[PDB]
Amino acid sequence: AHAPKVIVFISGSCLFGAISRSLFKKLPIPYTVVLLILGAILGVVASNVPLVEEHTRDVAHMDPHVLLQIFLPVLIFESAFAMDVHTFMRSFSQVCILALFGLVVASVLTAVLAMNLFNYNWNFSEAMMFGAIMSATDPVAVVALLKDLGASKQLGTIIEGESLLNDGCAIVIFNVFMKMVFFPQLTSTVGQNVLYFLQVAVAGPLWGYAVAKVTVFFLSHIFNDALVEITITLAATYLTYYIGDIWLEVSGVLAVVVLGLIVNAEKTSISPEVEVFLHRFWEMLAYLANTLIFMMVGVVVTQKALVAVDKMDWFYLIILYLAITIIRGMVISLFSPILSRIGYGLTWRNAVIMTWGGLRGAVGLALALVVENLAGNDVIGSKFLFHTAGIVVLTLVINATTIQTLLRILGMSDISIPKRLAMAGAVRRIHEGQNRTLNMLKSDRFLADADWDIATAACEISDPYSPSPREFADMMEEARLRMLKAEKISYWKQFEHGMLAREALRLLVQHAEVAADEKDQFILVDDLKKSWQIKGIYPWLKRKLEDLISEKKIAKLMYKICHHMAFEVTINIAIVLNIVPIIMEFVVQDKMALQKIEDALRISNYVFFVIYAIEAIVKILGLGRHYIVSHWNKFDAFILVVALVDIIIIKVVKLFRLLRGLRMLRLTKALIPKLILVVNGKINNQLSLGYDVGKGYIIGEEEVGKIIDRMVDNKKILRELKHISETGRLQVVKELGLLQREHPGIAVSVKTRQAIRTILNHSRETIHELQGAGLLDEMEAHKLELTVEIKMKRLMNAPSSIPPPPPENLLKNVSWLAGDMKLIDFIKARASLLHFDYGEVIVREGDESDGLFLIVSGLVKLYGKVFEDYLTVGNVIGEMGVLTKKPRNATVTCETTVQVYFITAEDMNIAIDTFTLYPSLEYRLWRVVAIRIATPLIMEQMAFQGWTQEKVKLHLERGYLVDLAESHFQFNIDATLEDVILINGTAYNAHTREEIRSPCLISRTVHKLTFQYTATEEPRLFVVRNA
Ligand SMILES: Nc1nc2c(ncn2[C@@H]2O[C@@H]3COP(=O)(O)O[C@H]3[C@H]2O)c(=O)[nH]1
């Protein structure tokens, strides 16, 4: 008889939920309504059949607190965890104005209604509870509908976020007014109310934020332990509510709301495979919670609530339903002028959807169950549940069912022409693909006898949506609209390969859409700047905090110990330990208002004072008279002044603050660096986004500029577009380069994070390629792919700021120098560093090439015959003037203060002729040039296919230069030779004796290349072999 009878009810409710969700899958009525009917049926039979009553009693009569403690954390957290937080923040003010202030008016008006209309003679407190529970909305259905039909970019999240905040605040108001109705306290002190307000409203979010930032800290330090990650998430979610609500008397719901939002924002710290599990897991838990609440409501509403329902109650139900409907619309319209100025605004049709889509749900019902249990035999409990359930039913029966048609009437359900065209094209391409497979299968000997009628009928994919200037402007608009489409595609292809973060993709696509809507409007670079524009607050904080710990002024073993890190670390650790005595002794004294402990801990304070005294002794003997120079030491001398002056002695009570203050304050020296790190983190986030948007736009323009050549007919239009794109690209590449100069360390951090991530991604691909070809066992491959996963998670713990390498390091890591230590020594011992001021010219067109240059600082603009570009740290200039002894091809101007490593041409010839091993210096230098020339050519040839610039760069990377001497002629293999690029010199076609210009992609029709040994120019050829 000790079996947990709650098991059958919980499991049975799951089966009934499955049945309802299955049968009413295509019908309009939401399944939750069916669950309520089933619960009512269970209730009526339970009144007659005692056996079932014994199986429903333990859940139907659930204690009220346990209801809140278990279900609300799931419902609230799941709602928060499922939000599109980025869009939520971009409209946070718009949500808050409507969610918080709108809630107050909506509930109070409802409370006034409930006091005046209803004959229950409720007072204001009960009426406010009524209004609070009536203002909680669960639009899960409406947001789901909008996600498919469109306008989900803003509206779906506004209603979802508004519902989240409204539910969060409703529980707060309900918690406040419940205590004044069922647990009244007479004290009613005016001052305490302010304190009480701060705890529920202000402390809650802070508690949630603290727990969230602790949680994500550990989650980022867990590798390959998915179970631990999931368990940590669960325990953090449940302890946040429990500790906050019970131990701290702090608003649990708000703490969980912040915790859910913060964790959702920090999803990168969760392993990708655990993230997808958690989303489905929390969804499942919320689904279970919803079903239980509806079934419980159905059971109890029939058992003890409908027994005491009068005729007028039904009348008031309809009136109340109408009132809450008009009240929501009035509130939305009343704030409409404000919402127009703050955020995205509200169109009249969008407002109607918000007004009509305000469905009530479980959160409202759960609170009603609490009143029913708490009210006991009072009619308040029954009529609270009656109206809550009734309004829930009506909103589910009417609002939830007609919203689909209303969205059509307002014309919001219409699918745009581009979507229809894309879907039709996709369906047709899939349809064609199946036909190709069908022909292939019919030729198979094994499968030749299959029933093809059934196969074709059962695998069909169906479309679910089924020269005059006056004339000249039409051509312009078509090109503009078509180019904007190519840009949108270009961003998407980048996202698939991981070159672009999702936020940058969304920003770029949104900007493209905004441009398309307006007439004669292209994507505005001056509008893109809002991404990589670092607001001054964070740089100011960084500089100010760095100033506070500028130890440059401070800059026989006592001196050595004074400057050893272990000394400071140990003493700071002692001080943080010394917090415990400080709290303990004074807490004991407060409790005392025995003395044995007090006397004992006063001695320990002397011990800690002695520790600090020996610290000071070491510091002074290390630095001598110059110890007092630093303000920090002055404070640490003042603390020991207090020690000496007050160790001897309101004589007792005055000592606590003196002991506390200085000791607890002198920890800030160890805190300031952490705040510097945090501020770097904030700058690192914004800067990282800036590079993505800027880099994405630059690559998008570069790619599209070679697709628009074939797409637009009118030449004058072609010139027009290629000019705007060039201006925008130069603007971005210049502005983006400057950010590096402003924040060198953070820029290096960002650039290293991308570099590693790109390496690991392609490292992951080869494993799949090896596994895909079967060359590696599945278990062995999975073992390797784990190491990649942990490495990519260690990436997100990398320091936000990395000190930039000194110039000597740059020489080591150059492509055509890395690896050969002897060569690096030769160059490093001959390269001379130079400095330049703003606007100074390093080189000029036609001027004789004197020596190479490597940029170690600053930014330089290039102007050559017209092509213009900007180059920055790490780039090399002067390579094609040394490799071929020819005048310079471009002018170089220093857009800012610049430093360069100058290697004289005379050195290069010596370096070239000295290092002649297989990885020849001249070979590598030419290879670097060749890839830079080849990429534009191959991109131009192959841009109209699915080839992104990264792939072409990788494709060329596999190539190599041909010696061209041991084989004076190059013969064009097709099987193992994919493409051939000429980089220098000229070649003669054997079958035509035609000459081909130096920078050209050898056409496939050429079968053999014949070369010459004239000393004027050594021809150079680049070849990339096939798989
Ligand atoms: N013209 C041109 N020069 C480049 C480019 N990238 C780097 N450079 C350097 O600009 C230098 C100017 O002409 P040089 O012959 O001195 O050698 C050139 C290259 O080393 C580029 O993309 N185009």
# chains A, B, ... in the order shown; residues from 1 in each chain; ligands from 1
>>> closest_atom_pairs(of="region 670-789 of chain A", to="region 506-528 of chain A", cutoff="9 Å", atoms="only C-alpha atoms", output="CSV")
residue,atom,partner,partner_atom,distance
A:693,CA,A:508,CA,6.9
A:694,CA,A:528,CA,7.8
A:696,CA,A:508,CA,8.0
A:697,CA,A:508,CA,7.3
A:724,CA,A:522,CA,8.5
A:728,CA,A:525,CA,5.9
A:729,CA,A:525,CA,8.4
A:731,CA,A:525,CA,7.4
A:732,CA,A:525,CA,7.0
>>> residues_near_ligand(ligand="ligand 1", cutoff="12 Å", atoms="only C-alpha atoms and all ligand atoms", output="ChimeraX atom specification")
/A:842-855,860-872,874-893,905,925-926,928-936
>>> select_by_dssp(residues="region 80-178 of chain A", states="helix (DSSP H, G or I)", output="JSON, numbers by chain")
{"A": [80, 81, 85, 86, 87, 88, 89, 92, 93, 94, 95, 96, 97, 98, 99, 100, 101, 102, 103, 104, 105, 106, 107, 108, 109, 110, 111, 112, 113, 114, 115, 116, 124, 125, 126, 127, 128, 129, 130, 131, 132, 133, 134, 140, 141, 142, 143, 144, 145, 146, 147, 148, 149, 152, 153, 154, 155, 156, 157, 158, 159, 160, 161, 162, 163, 164, 165, 166, 167, 168, 169, 170, 171, 172, 173, 174, 175, 176, 177, 178]}
>>> residues_around(residues="residue 787 (chain A)", least_positions_apart="6", cutoff="12 Å", atoms="only C-alpha atoms", output="JSON, numbers by chain")
{"A": [223, 224, 760, 763, 764, 767, 780, 781, 793, 794]}
>>> write_last_selection(atoms="N, CA, C and O atoms", output="CSV table (one decimal), in the first residue's frame")
chain,number,residue,atom,x,y,z
A,223,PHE,N,34.5,19.9,-20.1
A,223,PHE,CA,34.8,19.4,-21.5
A,223,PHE,C,34.4,17.9,-21.5
A,223,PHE,O,34.9,17.1,-20.7
A,224,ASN,N,33.6,17.5,-22.5
A,224,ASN,CA,33.2,16.2,-22.7
A,224,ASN,C,32.6,15.5,-21.5
A,224,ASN,O,32.9,14.4,-21.2
A,760,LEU,N,40.5,24.7,-37.0
A,760,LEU,CA,39.8,23.5,-36.4
A,760,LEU,C,38.6,23.0,-37.3
A,760,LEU,O,38.4,21.8,-37.5
A,763,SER,N,40.0,21.2,-40.0
A,763,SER,CA,40.5,20.0,-39.4
A,763,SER,C,39.4,19.0,-39.2
A,763,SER,O,39.6,17.8,-39.4
A,764,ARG,N,38.2,19.5,-38.7
A,764,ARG,CA,37.1,18.6,-38.5
A,764,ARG,C,36.7,18.0,-39.9
A,764,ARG,O,36.3,16.8,-39.9
A,767,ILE,N,38.5,14.8,-41.0
A,767,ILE,CA,38.1,13.7,-40.3
A,767,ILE,C,36.8,13.1,-40.9
A,767,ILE,O,36.7,11.9,-41.2
A,780,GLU,N,37.5,5.2,-34.2
A,780,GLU,CA,38.7,6.0,-34.2
A,780,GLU,C,38.5,7.4,-34.6
A,780,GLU,O,39.0,8.4,-34.0
A,781,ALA,N,37.6,7.7,-35.6
A,781,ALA,CA,37.3,9.0,-36.0
A,781,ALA,C,36.6,9.8,-34.9
A,781,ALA,O,36.9,10.9,-34.7
A,793,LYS,N,36.1,24.4,-27.6
A,793,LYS,CA,35.5,24.9,-26.4
A,793,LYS,C,36.5,25.6,-25.6
A,793,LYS,O,36.2,26.5,-24.8
A,794,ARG,N,37.8,25.2,-25.6
A,794,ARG,CA,38.9,25.9,-25.0
A,794,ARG,C,39.1,27.3,-25.6
A,794,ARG,O,39.6,28.2,-25.0
>>> closest_atom_pairs(of="region 299-370 of chain A", to="region 102-117 of chain A", cutoff="10 Å", atoms="only C-alpha atoms", output="JSON lines")
{"residue": "A:316", "atom": "CA", "partner": "A:117", "partner_atom": "CA", "distance": 7.8}
{"residue": "A:319", "atom": "CA", "partner": "A:117", "partner_atom": "CA", "distance": 9.0}
{"residue": "A:320", "atom": "CA", "partner": "A:113", "partner_atom": "CA", "distance": 8.1}
{"residue": "A:323", "atom": "CA", "partner": "A:110", "partner_atom": "CA", "distance": 7.7}
{"residue": "A:324", "atom": "CA", "partner": "A:110", "partner_atom": "CA", "distance": 7.0}
{"residue": "A:326", "atom": "CA", "partner": "A:106", "partner_atom": "CA", "distance": 9.9}
{"residue": "A:327", "atom": "CA", "partner": "A:106", "partner_atom": "CA", "distance": 6.2}
{"residue": "A:328", "atom": "CA", "partner": "A:106", "partner_atom": "CA", "distance": 6.6}
{"residue": "A:329", "atom": "CA", "partner": "A:106", "partner_atom": "CA", "distance": 9.8}
{"residue": "A:330", "atom": "CA", "partner": "A:106", "partner_atom": "CA", "distance": 9.0}
{"residue": "A:331", "atom": "CA", "partner": "A:102", "partner_atom": "CA", "distance": 6.1}
{"residue": "A:332", "atom": "CA", "partner": "A:102", "partner_atom": "CA", "distance": 7.5}
{"residue": "A:334", "atom": "CA", "partner": "A:102", "partner_atom": "CA", "distance": 9.3}
{"residue": "A:335", "atom": "CA", "partner": "A:102", "partner_atom": "CA", "distance": 8.0}
>>> residues_around(residues="region 627-644 of chain A", least_positions_apart="5", cutoff="10 Å", atoms="only C-alpha atoms", output="MDAnalysis selection string")
chainID A and resid 548:551 553:554 605:606 608:610 612:613 615:616 619:622 649 658:659 661:663 665:666 668:669
>>> atom_distance(atom1="CA of residue 960 (chain A)", atom2="CA of residue 1023 (chain A)")
5.8 Å
